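Q: Quick one: the structure is below, and I'll ask about it shortly.
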Amino acid sequence: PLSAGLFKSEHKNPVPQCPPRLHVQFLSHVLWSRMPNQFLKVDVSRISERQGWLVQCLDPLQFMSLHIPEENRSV
Amino acid sequence: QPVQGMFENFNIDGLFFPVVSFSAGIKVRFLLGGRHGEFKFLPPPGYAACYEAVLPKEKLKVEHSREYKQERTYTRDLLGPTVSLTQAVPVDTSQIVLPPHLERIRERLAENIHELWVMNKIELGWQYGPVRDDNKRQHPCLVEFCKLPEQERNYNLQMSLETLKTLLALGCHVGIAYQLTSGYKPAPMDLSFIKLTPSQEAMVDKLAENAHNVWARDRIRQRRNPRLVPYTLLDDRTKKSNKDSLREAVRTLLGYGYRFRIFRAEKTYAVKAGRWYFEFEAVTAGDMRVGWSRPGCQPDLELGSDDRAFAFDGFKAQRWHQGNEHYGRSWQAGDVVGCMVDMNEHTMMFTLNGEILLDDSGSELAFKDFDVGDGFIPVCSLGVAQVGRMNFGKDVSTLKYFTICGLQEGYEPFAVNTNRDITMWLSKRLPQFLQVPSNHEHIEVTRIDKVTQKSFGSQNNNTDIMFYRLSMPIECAXXXXXXXXXXXXXXXXXXXXXXXXXXXXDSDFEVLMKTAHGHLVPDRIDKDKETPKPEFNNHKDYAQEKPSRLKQXXXXXXXXXXXXX
């Protein structure tokens, strides 16, 4: 029945209140990304054969990703 | 056998390409034609392939679509933004009238081109005859201008007029200032004597460009030809052939006399005491700055603009702070520069290939009497088409100019007492959504509270578009999902109803006036309702609900769509 009454815990509240989480966010550019200290280390062909363009990578690599659900974003 | 799935109605704009994504434990083989690969099946009727899509005279190589995705040592070519590379029309000729005082000159140039073209055939020794063919070595245009009809005269003068018109249109007006044959004597004048000026050389070059442009625009209707590719990408042999062939005309004519990216170390490695030194190698010589920035620097402003960064540039040979002052000299392609910071006596120095830089006052140190604050981080900034390599130490065998300068004075590298390499924090390109800060200009958002509102407020001199968005989105899974935009008068607007399990986040893209009070209000009539209440000058502002979409530009159409079948 309401905007704020659909993405919160309760839904039977027909009063239009604004929780402190509802704050406007602008598409900004002041941000920093982190470069991993270990990439996948993939070699493609190193022979460049005539039977196709090869790529091969057997060494695995995993990382732990935090997930913000309210923003639906992984970091 | 094909699949039953297609991505119709998608954004046709953009440079598409084959791309594979693999995690680990994988052995994939792309298959093209020719020497690149080996076809195992047959292509669909008419569909070409990438071994033909590759540009002529170019080696086709596989490489990471994303970035310099090489698990290597510190010797990684860090590059900033890139140019378009022109990876994707003739000049207008007929827009000016034809003066009659040079119509005689134009006819004489037409007969010049005609005699040029028939002596082109006489070099091989063609014969006069009534039948038209190429392999038979015969040409019916051996007859002179008194007997040949006007239609063929017009079709031959087509070329001559086109060329002479483009010759006027380059910006310079053009006014007035044996051997055996069957009866034709082609010899207007001497040609090898006179020397053509480079101005008219470039003129005839741009003219050949124009001619091949119209020829290609006419030939694209008649598939994937090296001649079909524009003249600027043609082979140099045929280039020079056409260039000289069309320069003969002007030789005869003159004869008689008619987004930067900022990289840095991690902010936790801030230093406040001691002698620190780090190298920066620049492969190119474009716009590049290097120095030491405090742990508050902005990743979009130029390095060294505000007091939050102490930088130096080689493109202008000057140090970068609040203000600008000439300092040191510029570098070349493939140079190194070692930056030194002594925190105990608060000195900053730069050594270009061992030679320590010097300003006008004779002071070797760049900056003096700077507070320690909360530290200094090695930082660099690369503009368009730049290639750099940072070295915070940890490899003295590769620290070339470190044992030359600084080692004996008492300077040590940044990360030499270190077991694991630095994180190398860069400036990201995706413009994520950030909450409105309090210490920000031209963006002020209030909070009032009957109904609750979130009013806006701004003050500045430069206008632009913002992409405001709510914090928490609304999801629906897995029932009916329809988004209807209803105005105050009626619901006569665009209604989108396609969402299986998406999280549509409320948003408004607004243009910023001198006074903008447009806001969002959670209202209620029968269901969830948000009213984006605008004010005066509401004609280019949009208000809708969007999933994760992070693109900074200025448009309303082509918002990257798709429909699966």
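If you're wondering about the labels, chains in the structure tokens are A, B, ... by order shown, residues count from 1 in each chain, ligands from 1 in order shown.
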Write down as an MDAnalysis selection string the residues belonging to segment 242-398 of chain B that are assigned strand (DSSP E or B) by DSSP computed on the backbone.

A: chainID B and resid 261:264 275:282 288:293 309:313 318:321 323:326 335:342 347:352 355:356 368 377:382 387:391

Q: Can you tell me which residues surround residue 165 of chain B at a distance of at most 9 Å, considering only C-alpha atoms, apart from same-chain residues fewer than 6 positions away, and format the answer as an MDAnalysis selection string?

A: chainID B and resid 93:94 96 98

Q: Give me the chain A side of the contact with chain B, cut-off 7 Å, one line per residue showing its nearest atom pair and distance in Å at one decimal, counting only C-alpha atoms, sorted by chain and residue number, as a tab-separated table.

A:
residue	atom	partner	partner_atom	distance
A:1	CA	B:527	CA	3.7
A:2	CA	B:528	CA	3.7
A:3	CA	B:528	CA	4.5
A:6	CA	B:474	CA	6.9
A:7	CA	B:474	CA	5.6
A:16	CA	B:522	CA	6.2
A:17	CA	B:452	CA	6.3
A:18	CA	B:452	CA	6.6
A:21	CA	B:471	CA	6.9
A:22	CA	B:471	CA	5.4
A:23	CA	B:471	CA	5.9
A:24	CA	B:470	CA	5.0
A:25	CA	B:435	CA	4.2
A:26	CA	B:468	CA	4.5
A:27	CA	B:433	CA	4.3
A:28	CA	B:431	CA	5.5
A:29	CA	B:431	CA	5.0
A:30	CA	B:299	CA	5.6
A:31	CA	B:428	CA	6.4
A:32	CA	B:427	CA	4.8
A:33	CA	B:428	CA	5.2
A:34	CA	B:425	CA	4.7
A:35	CA	B:424	CA	5.7
A:36	CA	B:423	CA	6.5
A:37	CA	B:423	CA	6.1
A:38	CA	B:71	CA	6.2
A:39	CA	B:71	CA	4.9
A:40	CA	B:71	CA	6.6
A:41	CA	B:71	CA	4.8
A:50	CA	B:37	CA	5.2
A:51	CA	B:37	CA	4.8
A:52	CA	B:37	CA	3.6
A:53	CA	B:30	CA	5.0
A:54	CA	B:29	CA	4.4
A:55	CA	B:28	CA	5.3
A:56	CA	B:27	CA	4.4
A:57	CA	B:26	CA	5.4
A:58	CA	B:25	CA	3.9
A:59	CA	B:24	CA	6.3
A:60	CA	B:24	CA	5.0
A:70	CA	B:472	CA	5.5
A:71	CA	B:472	CA	6.5

Q: Could you take the residues named above and write them with C-alpha atoms, as a compact mmCIF listing (two decimals), in the first residue's frame?

A:
# COMPACT_ATOMS: atom_id res chain seq x y z
CA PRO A 1 0.00 0.00 0.00
CA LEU A 2 3.07 2.23 0.27
CA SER A 3 6.60 2.61 -1.01
CA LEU A 6 6.97 -2.80 0.75
CA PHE A 7 10.77 -3.06 1.19
CA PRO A 16 3.63 7.06 5.05
CA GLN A 17 6.72 7.44 7.21
CA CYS A 18 10.32 7.75 6.03
CA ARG A 21 17.74 4.45 5.77
CA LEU A 22 15.81 6.13 2.94
CA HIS A 23 18.36 8.73 1.84
CA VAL A 24 19.05 9.97 -1.67
CA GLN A 25 22.25 8.84 -3.38
CA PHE A 26 23.80 10.54 -6.40
CA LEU A 27 25.84 8.90 -9.16
CA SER A 28 29.29 9.93 -7.94
CA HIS A 29 32.84 9.52 -9.21
CA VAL A 30 34.94 9.85 -6.03
CA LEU A 31 35.79 6.17 -5.48
CA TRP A 32 38.76 3.80 -5.34
CA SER A 33 39.11 0.24 -6.61
CA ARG A 34 41.58 -2.34 -5.30
CA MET A 35 43.93 -4.24 -7.58
CA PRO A 36 44.32 -7.92 -6.59
CA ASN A 37 47.81 -9.10 -5.71
CA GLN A 38 47.25 -12.38 -7.58
CA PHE A 39 45.52 -12.76 -10.94
CA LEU A 40 44.45 -15.94 -12.74
CA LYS A 41 47.78 -16.38 -14.62
CA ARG A 50 46.82 -23.54 -37.04
CA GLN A 51 44.14 -25.83 -35.55
CA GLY A 52 42.53 -23.02 -33.54
CA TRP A 53 43.12 -20.21 -31.05
CA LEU A 54 43.79 -21.96 -27.74
CA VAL A 55 43.37 -20.77 -24.16
CA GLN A 56 44.11 -22.85 -21.07
CA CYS A 57 44.05 -22.21 -17.33
CA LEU A 58 44.11 -24.96 -14.69
CA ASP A 59 45.32 -23.16 -11.55
CA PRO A 60 42.23 -22.13 -9.54
CA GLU A 70 20.07 -3.37 0.60
CA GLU A 71 22.20 -2.08 -2.28

Q: Using only C-alpha atoms, determine which residues lie at most 10 Å from segment 193-204 of chain B, disregarding the query and same-chain residues fewer than 2 positions distant; provide the list as a list in words.

A: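 The residues satisfying every condition are residues 163, 166, 167, 168, 169, 170, 171, 172, 190, 191, 206, 207, 208, 209, 210, 243, 244, 245, 246, 247, 248, 249, 250, 251, 252, 254, 255 and 256 of chain B.
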
Q: Segment 477-489 of chain B: which residues within 12 Å, counting only C-alpha atoms, same-chain residues fewer than 3 positions away excluded, as a list in words?

A: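 In the requested format, the answer is residues 474, 492, 493, 494, 495, 496, 497, 498, 499, 500, 501, 502, 503, 504, 505, 506, 527, 528, 529, 530, 531, 532, 533, 534, 542, 543, 544, 545 and 546 of chain B.
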
Q: For the residues in that selection, give me N, CA and C atoms as a PDB file, in the first residue's frame.

A:
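This went into out25.pdb:
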ATOM      1  N   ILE B 474      12.752  -2.152  -4.476  1.00  0.00           N
ATOM      2  CA  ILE B 474      11.586  -3.010  -4.314  1.00  0.00           C
ATOM      3  C   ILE B 474      11.729  -4.195  -5.259  1.00  0.00           C
ATOM      4  N   UNK B 492      -1.698   8.553 -18.735  1.00  0.00           N
ATOM      5  CA  UNK B 492      -1.341   8.477 -20.147  1.00  0.00           C
ATOM      6  C   UNK B 492       0.160   8.647 -20.344  1.00  0.00           C
ATOM      7  N   UNK B 493       0.921   7.626 -19.967  1.00  0.00           N
ATOM      8  CA  UNK B 493       2.370   7.656 -20.119  1.00  0.00           C
ATOM      9  C   UNK B 493       2.905   6.269 -20.460  1.00  0.00           C
ATOM     10  N   UNK B 494       4.219   6.171 -20.629  1.00  0.00           N
ATOM     11  CA  UNK B 494       4.856   4.899 -20.949  1.00  0.00           C
ATOM     12  C   UNK B 494       4.801   3.955 -19.755  1.00  0.00           C
ATOM     13  N   UNK B 495       4.289   2.749 -19.981  1.00  0.00           N
ATOM     14  CA  UNK B 495       4.168   1.759 -18.917  1.00  0.00           C
ATOM     15  C   UNK B 495       4.974   0.506 -19.241  1.00  0.00           C
ATOM     16  N   UNK B 496       5.971   0.219 -18.410  1.00  0.00           N
ATOM     17  CA  UNK B 496       6.803  -0.965 -18.589  1.00  0.00           C
ATOM     18  C   UNK B 496       6.402  -2.052 -17.598  1.00  0.00           C
ATOM     19  N   UNK B 497       6.181  -3.260 -18.106  1.00  0.00           N
ATOM     20  CA  UNK B 497       5.756  -4.373 -17.266  1.00  0.00           C
ATOM     21  C   UNK B 497       6.500  -5.653 -17.632  1.00  0.00           C
ATOM     22  N   UNK B 498       7.757  -5.742 -17.212  1.00  0.00           N
ATOM     23  CA  UNK B 498       8.576  -6.912 -17.498  1.00  0.00           C
ATOM     24  C   UNK B 498       9.657  -7.095 -16.439  1.00  0.00           C
ATOM     25  N   UNK B 499       9.364  -7.917 -15.435  1.00  0.00           N
ATOM     26  CA  UNK B 499      10.313  -8.185 -14.362  1.00  0.00           C
ATOM     27  C   UNK B 499       9.980  -9.498 -13.661  1.00  0.00           C
ATOM     28  N   UNK B 500      10.866 -10.478 -13.795  1.00  0.00           N
ATOM     29  CA  UNK B 500      10.665 -11.779 -13.170  1.00  0.00           C
ATOM     30  C   UNK B 500      11.020 -11.726 -11.688  1.00  0.00           C
ATOM     31  N   UNK B 501      12.225 -11.253 -11.391  1.00  0.00           N
ATOM     32  CA  UNK B 501      12.692 -11.151 -10.013  1.00  0.00           C
ATOM     33  C   UNK B 501      13.738 -10.050  -9.879  1.00  0.00           C
ATOM     34  N   UNK B 502      13.419  -8.870 -10.400  1.00  0.00           N
ATOM     35  CA  UNK B 502      14.345  -7.746 -10.375  1.00  0.00           C
ATOM     36  C   UNK B 502      14.090  -6.844  -9.174  1.00  0.00           C
ATOM     37  N   UNK B 503      15.107  -6.079  -8.793  1.00  0.00           N
ATOM     38  CA  UNK B 503      14.991  -5.142  -7.684  1.00  0.00           C
ATOM     39  C   UNK B 503      15.008  -3.710  -8.203  1.00  0.00           C
ATOM     40  N   UNK B 504      13.857  -3.247  -8.680  1.00  0.00           N
ATOM     41  CA  UNK B 504      13.741  -1.909  -9.247  1.00  0.00           C
ATOM     42  C   UNK B 504      13.935  -0.835  -8.183  1.00  0.00           C
ATOM     43  N   UNK B 505      15.016  -0.075  -8.311  1.00  0.00           N
ATOM     44  CA  UNK B 505      15.303   1.012  -7.382  1.00  0.00           C
ATOM     45  C   UNK B 505      14.765   2.331  -7.922  1.00  0.00           C
ATOM     46  N   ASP B 506      14.007   3.035  -7.089  1.00  0.00           N
ATOM     47  CA  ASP B 506      13.417   4.315  -7.462  1.00  0.00           C
ATOM     48  C   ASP B 506      14.507   5.335  -7.762  1.00  0.00           C
ATOM     49  N   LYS B 527      -2.037   1.862  -3.583  1.00  0.00           N
ATOM     50  CA  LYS B 527      -0.902   0.955  -3.467  1.00  0.00           C
ATOM     51  C   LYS B 527       0.355   1.799  -3.287  1.00  0.00           C
ATOM     52  N   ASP B 528       1.518   1.183  -3.489  1.00  0.00           N
ATOM     53  CA  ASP B 528       2.784   1.897  -3.374  1.00  0.00           C
ATOM     54  C   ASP B 528       2.849   3.028  -4.389  1.00  0.00           C
ATOM     55  N   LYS B 529       3.118   4.238  -3.906  1.00  0.00           N
ATOM     56  CA  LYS B 529       3.140   5.421  -4.757  1.00  0.00           C
ATOM     57  C   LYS B 529       4.270   6.336  -4.319  1.00  0.00           C
ATOM     58  N   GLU B 530       5.141   6.690  -5.258  1.00  0.00           N
ATOM     59  CA  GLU B 530       6.134   7.736  -5.056  1.00  0.00           C
ATOM     60  C   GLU B 530       5.842   8.868  -6.032  1.00  0.00           C
ATOM     61  N   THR B 531       5.715  10.082  -5.509  1.00  0.00           N
ATOM     62  CA  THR B 531       5.493  11.256  -6.340  1.00  0.00           C
ATOM     63  C   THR B 531       6.784  12.054  -6.431  1.00  0.00           C
ATOM     64  N   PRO B 532       7.439  12.092  -7.590  1.00  0.00           N
ATOM     65  CA  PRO B 532       8.589  12.989  -7.807  1.00  0.00           C
ATOM     66  C   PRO B 532       8.115  14.394  -8.170  1.00  0.00           C
ATOM     67  N   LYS B 533       7.782  15.155  -7.140  1.00  0.00           N
ATOM     68  CA  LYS B 533       7.216  16.486  -7.317  1.00  0.00           C
ATOM     69  C   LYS B 533       8.260  17.436  -7.887  1.00  0.00           C
ATOM     70  N   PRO B 534       8.078  17.936  -9.117  1.00  0.00           N
ATOM     71  CA  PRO B 534       9.009  18.914  -9.689  1.00  0.00           C
ATOM     72  C   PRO B 534       8.569  20.350  -9.455  1.00  0.00           C
ATOM     73  N   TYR B 542      13.648  13.159 -15.788  1.00  0.00           N
ATOM     74  CA  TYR B 542      12.995  11.863 -15.838  1.00  0.00           C
ATOM     75  C   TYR B 542      12.887  11.288 -14.432  1.00  0.00           C
ATOM     76  N   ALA B 543      11.863  10.466 -14.221  1.00  0.00           N
ATOM     77  CA  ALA B 543      11.640   9.848 -12.919  1.00  0.00           C
ATOM     78  C   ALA B 543      11.047   8.468 -13.140  1.00  0.00           C
ATOM     79  N   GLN B 544      11.725   7.440 -12.641  1.00  0.00           N
ATOM     80  CA  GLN B 544      11.316   6.073 -12.926  1.00  0.00           C
ATOM     81  C   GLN B 544      11.881   5.155 -11.843  1.00  0.00           C
ATOM     82  N   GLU B 545      11.857   3.851 -12.104  1.00  0.00           N
ATOM     83  CA  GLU B 545      12.461   2.851 -11.237  1.00  0.00           C
ATOM     84  C   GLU B 545      13.455   2.044 -12.058  1.00  0.00           C
ATOM     85  N   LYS B 546      14.667   1.883 -11.532  1.00  0.00           N
ATOM     86  CA  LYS B 546      15.736   1.274 -12.304  1.00  0.00           C
ATOM     87  C   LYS B 546      16.447   0.189 -11.508  1.00  0.00           C
TER      88      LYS B 546
END

Q: Please, what distance in Å, to one decimal, runs between atom CA of residue 357 of chain B and atom CA of residue 371 of chain B?

A: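 These two atoms are separated by 22.2 Å.
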
Q: Can you tell me how far atom CA of residue 257 of chain B sits from atom CA of residue 205 of chain B, in Å to one decimal?

A: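 If I compute the distance from atom CA of residue 257 of chain B to atom CA of residue 205 of chain B, I get 20.4 Å.
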
Q: I'd like the contact shell of segment 6-17 of chain B - 12 Å cut-off, only C-alpha atoms, skipping same-chain residues fewer than 6 positions apart - returned as number ranges by chain.

A: B: 49-50, 53-54, 62, 65, 84-88, 557-565
